[PDB]
């Protein structure tokens, strides 16, 4: 699907207010600091990226899975459903929505086991504990708690349209595309329309590559104060990236994270 964003469920229900988002986060902020909570969000973004790469899924599928994961925890506590179970469930659902297909029971469980064992052993000393019955249960909860909103718009399609319109596809697109991937280390996908994220990423790419695009950006007629807000977040994410050592910090942060309560 490629519908009008202004009539989409993404815009009408999943473009949230930063303050309403901070208010819902308070429930988990009793155990984790604000800093540890964003670190945990980056970690699971990287877990979803590693899961998708193993399964050889297109960036569109990984981005859809990441947005599902974030939308779920924007409304619910980290203790509701284990994020270790939610991450491969989000990949499983996104692969179906994005017409890639049903990942087999064997392929999904082996992908989650292998990825956590190979690429995330520093944070998980024990093997992936879930089986297919856990994913199928989690899937039903995920679909329900997203109000069956499956179509997700990403900054990749408008970014490609902007860069092509500039006539700078060879030079700017590889860097701007990489910045869009990095954007998933933040909450931007929950706060701003994708075209706005794409423009800010293209802006940061122009600044890094030292290309004058002032006139092209000036002829757009978009809320530049909103593009500037996104730019500030992008610049902040690289400072966060520099100071964050995922491999040395995550076992402790995961241990502080609230765990699902068992039946009495």
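Positions refer to the first chain, counted from 1. If you superpose the two forms and keep the largest set of C-alpha atoms that fall within 1.5 Å, you have the rigid core.
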Outlying stretch relative to shown form, 106 to 114 versus 92 to 100 in 9 other deposited structures of this protein, C-alpha RMS (core): 92 to 100
Going by the entry, of stretches 84 to 92 and 97 to 105 the one with greater average Cα B-factor is 97 to 105
Which of 243 to 251 and 17 to 25 has higher mean CA B factor, as the PDB entry lists it: 17 to 25
Top residue by Cα temperature factor, when 63, 197, 47, 228 are compared in the entry: 228
Selection from 142, 171, 179, 151 [criterion: highest C-alpha temperature factor in the record]: 171
Relative to the other modelled residues of the same chain, rank the CA B-factor of residue 157 and answer lowest, middle or highest third. middle
Splitting the chain's C-alpha B-factors into thirds, which one does residue 189 fall into? lowest
Relative to the other modelled residues of the same chain, rank the CA B-factor of residue 216 and answer lowest, middle or highest third. highest
Hey, what third does residue 4 fall into on Cα B-factor, ranked over its chain? highest
Compared with the other modelled residues in the chain, in which third is the CA B-factor of residue 30? highest
